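Novice:
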Amino acid sequence: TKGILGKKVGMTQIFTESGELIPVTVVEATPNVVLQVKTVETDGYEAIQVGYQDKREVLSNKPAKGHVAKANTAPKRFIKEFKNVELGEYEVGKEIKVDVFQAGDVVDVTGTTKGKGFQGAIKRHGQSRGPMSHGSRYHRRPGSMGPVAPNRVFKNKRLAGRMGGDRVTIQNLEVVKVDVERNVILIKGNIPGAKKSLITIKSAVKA
Amino acid sequence: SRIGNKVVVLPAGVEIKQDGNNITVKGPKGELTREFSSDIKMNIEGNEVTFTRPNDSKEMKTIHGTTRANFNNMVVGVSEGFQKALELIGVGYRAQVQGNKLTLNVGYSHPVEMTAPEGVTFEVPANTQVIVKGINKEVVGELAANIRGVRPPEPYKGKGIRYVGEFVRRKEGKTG
Amino acid sequence: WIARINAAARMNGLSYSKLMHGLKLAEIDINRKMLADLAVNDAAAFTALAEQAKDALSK
Amino acid sequence: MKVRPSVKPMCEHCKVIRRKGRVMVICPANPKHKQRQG
Amino acid sequence: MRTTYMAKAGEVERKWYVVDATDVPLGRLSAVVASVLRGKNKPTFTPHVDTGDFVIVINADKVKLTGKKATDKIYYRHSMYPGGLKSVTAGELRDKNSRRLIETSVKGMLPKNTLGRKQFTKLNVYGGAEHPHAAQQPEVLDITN
RNA sequence: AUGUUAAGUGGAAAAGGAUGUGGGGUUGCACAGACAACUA
RNA sequence: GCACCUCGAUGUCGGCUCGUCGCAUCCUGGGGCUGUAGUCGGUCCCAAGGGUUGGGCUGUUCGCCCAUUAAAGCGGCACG
RNA sequence: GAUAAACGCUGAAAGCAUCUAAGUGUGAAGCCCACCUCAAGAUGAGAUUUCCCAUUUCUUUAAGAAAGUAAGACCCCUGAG
Ligand SMILES: [Zn+2]
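Chains as they are written, first to last, in full-length UniProt numbering: chain P, 2 to 208; chain U, 2 to 177; chain V, 61 to 119; chain E, 1 to 38; chain S, 1 to 145.
1) Terminal residues of the continuous alpha helix (DSSP H) containing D72 of chain S?
2) Is there a Cβ from chain S that is less than 8 Å from the Cβ of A113 of chain V?
3) Could you tell me whether any Cβ in chain V is nearer than 8 Å to the Cβ of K15 of chain S?
4) For the candidate residues S:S30, S:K118, S:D23, whose alpha-carbon lies nearest to that of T104 of chain S?
5) Select from P:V99, P:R57, P:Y46 the residue whose C-alpha is nearest the C-alpha of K178 of chain P.
6) Is there at least one Cβ from chain S nearer than 8 Å to residue 12 of chain V's Cβ?
7) Between U:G5, U:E32, U:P12, U:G120, which lies nearest to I41 of chain U when the distance is taken from Cα to Cα?
8) I need the boundaries of the alpha helix (DSSP H) containing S30 of chain S, first residue and last residue.
9) Return yes when the C-beta of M24 of chain E is under 7 Å from any heavy atom of ligand 1, and no when it is not.
10) In chain order, what residues of the region 87–103 of chain V put their CB closer than 8 Å to some CB of chain S?
11) Flag this pair as yes or no: are the beta carbons of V27 of chain P and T13 of chain P separated by less than 8 Å?
12) So for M115 of chain U, helix, strand or coil by DSSP?
13) Nearest to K134 of chain U by CA position, among U:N128, U:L144, U:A127, is which residue?
14) To the nearest angstrom, report how far apart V19 of chain S and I148 of chain U are at their CA atoms.
15) Measuring straight from C-alpha to C-alpha, what distance separates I24 of chain U and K85 of chain U?
16) Contact check, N73 of chain U vs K138 of chain U under 8 Å by CB: the rounded distance?
17) Going by the CB atoms, is the gap between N33 of chain P and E96 of chain P shorter than 8 Å?
18) Any beta carbon from chain V within less than 8 Å of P138 of chain S's own beta carbon?
19) What residues in the region 21–48 of chain S have a beta carbon less than 7 Å from any beta carbon of chain V?
20) With a threshold of 8 Å, are at least 3 pairs of Cβ atoms found where one atom belongs to the region 25–39 of chain U and the other to the region 94–104 of chain U?
21) Spell out whether any CB of chain S is found under 8 Å from the CB atom of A68 of chain V.
22) Could you say which of P:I171, P:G94, P:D55 lies nearest to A72 of chain P if we only look at CA atoms?
23) Which partner residues of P156 of chain U appear in the DSSP bridge assignment?
24) Would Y5 of chain S pass as an interface residue toward chain V - the criterion being a Cβ-Cβ separation below 8 Å?
25) Looking only at its chain, what residues have a beta carbon closer than 7 Å to the beta carbon of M146 of chain P, apart from the 5 residues adjacent to it on each side?
26) Rounded C-beta distance between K158 of chain U and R69 of chain U? I'm assuming under 8 Å.
27) Over what stretch of residues does the alpha helix (DSSP H) that includes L85 of chain V continue unbroken?
28) Could you tell me the distance, in whole angstroms, from the CA atom of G67 of chain S to the CA atom of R54 of chain U?
29) Within its chain, find whatever has a CB closer than 7 Å to the CB of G66 of chain U; leave out the 5 residues flanking it on each side and keep chain order.
30) Do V76 of chain U and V15 of chain U come within 8 Å of each other at the CB atom, strictly closer than that value?
31) Which residue from S:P111, S:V24, S:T144, S:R2 puts its Cα closest to that of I58 of chain S?
32) Answer yes or no: the CB of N101 of chain U versus the heavy atoms of ligand 1, is any distance below 7 Å?
33) At a cut of 8 Å, does the region 44–62 of chain P reach the region 81–90 of chain P through at least three beta carbon pairs?
34) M80 of chain S to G112 of chain P, Cα distance in whole Å?
35) Go ahead and pull the three-state DSSP assignment for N66 of chain V.
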């Protein structure tokens, strides 16, 4: 249905009408452009291809310019597909701007979490330590690997490894304010990801 | 079969179409159809039918009895139709009728709503009586057991919805 | 050899066991080796033999 | 309901049935008598 | 070490066939299809070579199961994770995804090595009356077994 | 060739329980009218 | 109980860390009977999705006690 | 959505009775979906949009060898979200 792509700027505060303080996250989204329309006769399902964030032109190649030429735009940096939206009602060239949402509008928000590197079982999985005194030599370790009988370790025995960097969505957040001349949405709470990272905002699945 | 051998003799209005399996009794109200089996066959000389059985089947009689019972029912109903009457004890309970919407008020913190399909109706005269009317014998019975299912009758005072002849047993709940 | 002979004989209206019985009741003494070799090279010879077997156990 | 491997008619009005491969007793005079073999 | 014929790789012609599965019990049809895919009906049968024909199975939706197999016969799967058996399926496969059904019956009647796995890629199964393979000109086989 | 089983019994287990089905016997009551069902 | 197995070596219990499986079910879900008025209960049937607490005393399991909880289940896994 | 225990509606074998044999329903934190994430090495390797279009000798003309290129990519350098 409704849905837009933008970038993450940062967090701030705001007072409401009644005079309550509320933490917020600024998202900036210049106008998105519809590049392609997928149908059942051609593709086998129904969707919409959207682009965001204009790109300098030494940085693209000839196949990309050909794909962006039928829509009369500059080459884009981020291209996603938006599903479950009554097609009609849409055509290549159209611009989706932030006034698609209004204040209220419980929404879903997705991103890619920050990266953290190679991490141990205690930080990565919330596992608890061993004792720090009393003759102990077992501080920061992942536990026993299993029982003796099967002569092997089972799967989903959790260990150390690379942490972060996965996609995550958070459900049922509120739009606090929409500003049109600046292409800005204010969302109540915190979102996943670092600064300048891609963010997607859709109307909520659980309604 | 004693049932399988008995006679079904059709009063006025009856027309009985044959097509392979299907039979379709019609009369002055409805035009019911039902799927019957091969090993028992039709009959001629209007205003009378018997059914017959090629023997040597294991049970030798069951399918016969049901294949006659169902046709007798279809005729009895397409010419006459069936009836089911429900009472209401339990002080404070009442029903009201608005087209195919049956409204009920039985001790619950919300009224209860039922809606009757095509062949069926309702008849509420009073805050106690309900009547289900149709052609099918099965559908009228199912819908009455649906309604009486909203609140069966207790044994200490016999409140709740009952068929108009149910014999309920009464216990002696002590006074505390 | 036996499986190739079964394959060939089922094409001439027989199975392996009935055709072997038929050939014995007629006093024919071909190996299973030559029988299979015929089955692959000389189908007409194999049919001549299968007809003799069919007539033997027709009694 | 009683569920026992011995299922027996225990008054006059009890009847025995088989609703699947499963023997049962069914009494219209006393609900204590209802039984299913298992 | 003498004269018995042995076939070569691309020397024995492979024909296409159409088999009809309405009211044939699962395993009987599947046994006949399995013998035709392996080439056991042709006197040029050699065991270290592939000489079977191709088979199309049509009307898999109407295959027969006797007894109470449609509710009581169950297929299991393990994902190799702890506590991960999946007993999801019964004669629900015959309703939805009736190609799975026929294929898993035929797959258990073929050898379990690299020749029998390559012979399985000649079965083409269809739930309905129509197949997409009319350019290979397939002939009808008639079952009585 | 002729039958039996519907339980995947065949392809683990007892005391006891049961209008499941096949075969062979012994009898009470039946057209000077039976068992069941409905009036009184 | 026995002595097949391991004597050119197969390291015992409670606790810790990390769990997994069975169901003869401790809580929560659905039911039939009651010597079930209501509020609480007794008992039997179906059900393994998730849940199942901190201290005091003993090396201690076991156990008794204190204060809570919807509840403070019982077994297998070299008595993990 | 299909089910467990349980509860039916219509119904005969067995003139009655009976949830069952033929027909027809209701019904659980459980089962399959519904929510989130991974996924075509799914050798059954799937689909859509866009970009690029021909020298030299012959074993013999063949899915032949070797050479320079297109679209595109990489080596190398400044770095970090
Ligand atoms: Zn009784």
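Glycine included, C-beta positions come from ideal geometry on N, C-alpha and C.
Specialist: With the structure as the only source:
1) First-last of the alpha helix (DSSP H) with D72 of chain S: 69–72.
2) no
3) Not an interface residue.
4) Checked all of S:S30, S:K118, S:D23; the closest Cα to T104 of chain S is S:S30.
5) P:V99
6) There is no way to answer for residue 12 of chain V, as the model of chain V reaches only from 61 to 119.
7) U:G5
8) Taken as a continuous stretch (DSSP letters only), the alpha helix (DSSP H) holding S30 of chain S covers 26–37.
9) no
10) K93, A96, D97, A99, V100, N101
11) yes
12) strand
13) U:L144
14) 53 Å
15) 26 Å
16) Actually they are not in contact, since the Cβ atoms of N73 of chain U and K138 of chain U sit about 10 Å apart, beyond 8 Å.
17) yes
18) Closer than 8 Å: no.
19) Those residues of the region 21–48 of chain S placed with their C-beta closer than 7 Å to a C-beta in chain V are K40, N41, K42, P43, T44, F45, ordered along the chain.
20) no
21) yes
22) P:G94
23) Per DSSP, none; premise fails for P156 of chain U.
24) yes
25) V154, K158
26) Wrong, their Cβ atoms sit about 44 Å apart, outside the cutoff.
27) 76–85
28) 27 Å
29) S2, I4, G5
30) In contact: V15 of chain U and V76 of chain U (Cβ atoms closer than 8 Å).
31) That would be S:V24, whose Cα lies nearest to the Cα of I58 of chain S.
32) Outside the cutoff, so no.
33) A contact exists between the region 44–62 of chain P and the region 81–90 of chain P.
34) Cα atoms of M80 of chain S and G112 of chain P: separation of roughly 31 Å, rounded to the nearest angstrom.
35) helix
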